[PDB]
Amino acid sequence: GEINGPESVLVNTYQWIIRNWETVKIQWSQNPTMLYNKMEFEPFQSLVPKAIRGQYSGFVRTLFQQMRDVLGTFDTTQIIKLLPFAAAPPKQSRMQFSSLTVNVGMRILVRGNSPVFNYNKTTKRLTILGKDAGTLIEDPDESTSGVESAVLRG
């Protein structure tokens, strides 16, 4: 874990999700509301501007509900990315956010990578604010995790 201030809170939150993913995925499937309410996410929530925390949470919880209803747990990187923004008490709105800001305002883009959140499909590792957060499991049938074939030449 990192210790530098707000940046560390962000890095460590995603590290925690990755380290606990095999539990988190099951809670997200079976009892997501409970998952969203874990005190684990309180520090992250404090990085989200107070005036918009609730709106972001309404957006992400709704998106997750719609996601889960039609797709289930397919999208690991996206579930991990958005999960901490579900932590605040939700305030529902009709606003569709393309990005979500944290105070470190830096933007996490909803689709795809950003300076803040950068998943690489070749190494299968997540990078947050230029720091390693760990290895993601996109395919739950995979035995070997991490870097793809044909990366190291020899």
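The numbering used is simple: start at 1 and walk along the sequence shown.
Counting only residues of the deposited sequence, how many between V104 and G105 have no atoms in the entry (none, 1 to 3, 4 to 9, 10 or more)? In the deposited sequence, 1 to 3 residues between these two have no coordinates.
Given 81-89 and 108-116, the range whose Cα B-factors average higher in the PDB entry: According to the PDB entry, the answer is 108-116.
Of 142-150 and 126-134, the one with larger mean CA B-factor: For C-alpha atoms only, the mean B-factor is higher in 142-150.
Sort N37, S98, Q27, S46 by C-alpha B-factor from the entry and give me just the highest. Each of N37, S98, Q27, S46 was compared by C-alpha B-factor; the highest is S46.
Name the residue from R53, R94, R68, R61 with the greatest C-alpha temperature factor listed in the entry. The C-alpha B-factor peaks, among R53, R94, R68, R61, at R94.
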